[PDB]
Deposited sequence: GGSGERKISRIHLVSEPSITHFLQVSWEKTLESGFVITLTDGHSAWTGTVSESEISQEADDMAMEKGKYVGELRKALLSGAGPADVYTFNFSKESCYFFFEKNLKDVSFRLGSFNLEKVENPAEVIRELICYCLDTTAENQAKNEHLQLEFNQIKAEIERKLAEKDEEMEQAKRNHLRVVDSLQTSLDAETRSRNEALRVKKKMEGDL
């Protein structure tokens, strides 16, 4: 399965950055696990297929159109506003539009009894991902740098081959002209003196 970890700002405590971790099997449509966390506590809730469909029908929305809204709100870091209450453990979010805003979702998140465990796993995921990405960066840059040197290496030969051809062209002409000029002047004077 896959996951995505975004950072969101709640209307409550806008000063503090919260982290939102959404994981799903093959698609959001099939259901997903969502985790809200600060540096100390963590709240996890499971959103099923039926609850996705039901909140879509309470909104009177097409199902794939609604799932698209979940993707844009929960998986990408303006347009969307996030809210969480610690007492009722209730996480809801809205979509603001040109002086208009509508309730897009509401899910209950059970407070995790072992937050540090979840947090450690998250950090592990982040460290692995950044490592792999940095591994990709190094690889493609080495190939880029190596090819860039191997590109202009062909120019170095190709330019010289021109300069070679170029001087050769000159030399041949230089002889021919002289071989022409000499043969004109010398004999024509021998015609003029005899």
property	result
Stretches of the record's deposited sequence for which the structure holds no C-alpha atoms	1-3, 81-84, 202-208
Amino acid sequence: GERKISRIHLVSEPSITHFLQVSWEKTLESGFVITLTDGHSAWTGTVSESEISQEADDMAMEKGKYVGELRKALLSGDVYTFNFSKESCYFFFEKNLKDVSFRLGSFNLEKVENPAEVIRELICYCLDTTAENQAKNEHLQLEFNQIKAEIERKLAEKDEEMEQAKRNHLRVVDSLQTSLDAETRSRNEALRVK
From here on, numbers count along this sequence of modelled residues.
{"item": "Selected stretch [higher average CA B-factor]: 66-74 or 149-157", "value": "149-157"}
{"item": "Segment of higher mean CA temperature factor, 30-38 or 54-62", "value": "54-62"}
{"item": "Out of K95, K98, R120, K111, highest CA B-factor residue", "value": "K98"}
{"item": "Highest recorded Cα temperature factor - choice among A165, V47, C126, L140", "value": "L140"}
{"item": "Among modelled residues of the same chain, the CA temperature factor third for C89", "value": "highest"}
{"item": "Assigned third (lowest, middle, highest) for the C-alpha B factor of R185", "value": "highest"}
{"item": "Assigned third (lowest, middle, highest) for the C-alpha B factor of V172", "value": "lowest"}
{"item": "Lowest, middle or highest third - CA B-factor, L10", "value": "middle"}
